[PDB]
Amino acid sequence: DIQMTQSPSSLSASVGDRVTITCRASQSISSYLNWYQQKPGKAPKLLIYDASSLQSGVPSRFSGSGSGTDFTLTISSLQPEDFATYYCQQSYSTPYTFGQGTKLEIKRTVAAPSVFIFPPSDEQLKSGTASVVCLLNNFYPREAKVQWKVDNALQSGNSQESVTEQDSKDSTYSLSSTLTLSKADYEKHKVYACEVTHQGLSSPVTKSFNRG
Amino acid sequence: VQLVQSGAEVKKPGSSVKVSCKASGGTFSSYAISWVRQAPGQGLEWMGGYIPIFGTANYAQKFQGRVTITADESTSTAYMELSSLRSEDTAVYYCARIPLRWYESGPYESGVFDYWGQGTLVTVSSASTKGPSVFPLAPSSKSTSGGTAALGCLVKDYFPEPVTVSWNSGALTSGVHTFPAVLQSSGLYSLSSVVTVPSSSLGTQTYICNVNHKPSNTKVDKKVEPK
Amino acid sequence: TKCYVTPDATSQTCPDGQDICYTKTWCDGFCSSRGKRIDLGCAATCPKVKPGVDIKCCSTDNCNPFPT
């Protein structure tokens, strides 16, 4: 099937900026490439069709250009409404194929995370279940690392990570790595610490809870 | 032109789903109704399309024999029925109008989706409806400032995804970070909502969270207090 | 006054003052395997033409038709 690859997988940029998103086709699709925008929890919306044509009611800021295999989307004046995943979908072949999508973020000042460790609640500890949640709060570069060291032993393969979408006012991010350990291995240790490695942090910040 | 699809559907491995897509304001015949599924945090995948005028349905090779697309001009409603549902079929399903361009040979489809419908989510799992277990997040051992006021509630072991957590019934909006849900091997989901309020502001205001898992009608409010 | 319009491709009462039916024909990429993209409709002036556009304008009713 015609394979289409949008190159700017993620592209952070300020509202006072102009952004261009690339989509490459495996086959010459000529002027048959449509452009769409998907905001979270919302269905895609067609911005540009037939490569350059713009649908009725689409901010002129949105301009599209290209032919053959290489195409470009120009968002012109970024407005907060214009920050979302954008998709390129050819119209040349029966197997209609889409690009992976490019997420437009808000370039903000580098902000360091606020690290917090939450010990297992006794109500949960009654059951064999024991969960330890670590919270990084308001960090700008989303790229962040979390380690889980118990009694100074790195703990890999026992934690799951969930990240919040960029905040509205702060334009920052928040992360939560919850380690899952049976009541047994829990009471079988003393130190429970969370390491945090981030761009804004000069030194790794490792908080700790010693209750065993 | 508007497209109004079915509601969410929870289905088991091997089961079959049929999703409604209702077209309004536009000529249903002169148009074509395709379908495109979006797996969680994934891209969009064309599943197939049906041009009523021709009555024929063009299906992708993948989904050939499992997808059956139908149209009822009477109700101007279009239907996508996927069978042999697998876990990986857990995704949002969208219905989209495709304009038709008239060439000399015959009316052909223009691969532009001018209109898209409110998505329908089909969640395929071998799990059954389970209510969540709200567990509280205690502070940073009454810290001086390394704690500020980071408190929260843990929503764990809840199966039908929709789950809504709020603080002080809407009084606490600033500083609230309800996280995205994460699926565990158990086949159940876990979520956490953590609020960064003022440190000194702790007994002054009682901080309680409000869980609403309507699938199992479990509305639980648990107090969050230091130690 | 009553000619054919492409997108719905039905006999659509042509609007007041408009008594034409342009059968605009031109070739796109797939002109090779499909044929000239056909375009019918209404007008009050035989529409203008581009190097590859060709247009036959009826003046009677339902005479802006498409080959099978």
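Cβ coordinates come from backbone N, Cα and C, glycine included.
Copied over from Swiss-Prot, here are the features:
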type     : residues        : note
DISULFID : C:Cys3-C:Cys21  : disulfide bond
DISULFID : C:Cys14-C:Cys42 : disulfide bond
DISULFID : C:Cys27-C:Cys31 : disulfide bond
DISULFID : C:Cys46-C:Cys57 : disulfide bond
DISULFID : C:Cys58-C:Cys63 : disulfide bond
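Between the alpha carbons (Cα) of C:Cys63 (disulfide bond) and C:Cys3 (disulfide bond) lies a span of roughly 6 Å. Taking Cβ-Cβ distances under 8 Å and a sequence gap of 6 or more within the same chain, the neighbours of C:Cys58 (disulfide bond) are C:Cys3, C:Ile20, C:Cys21, C:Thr23, C:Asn64. For C:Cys57 (disulfide bond), the disulfide-bonded residues whose C-alpha atoms fall inside a 10 Å radius of its own C-alpha are C:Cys42, out of C:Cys14, C:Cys27, C:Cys31, C:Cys42.
Between C:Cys42 (disulfide bond) and C:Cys27 (disulfide bond), the C-alpha separation comes to 21 Å. Recorded residues C:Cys46 (disulfide bond) and C:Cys14 (disulfide bond) have their alpha carbons 14 Å apart, per Cα-Cα distance.
DSSP classifies C:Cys3 (disulfide bond) as strand under the three-state reduction. In the three-state DSSP assignment, the secondary structure recorded for C:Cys57 (disulfide bond) is strand. Ranking the disulfide-bonded residues C:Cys21, C:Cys46 by C-beta neighbours within 10 Å puts C:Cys21 at the top.
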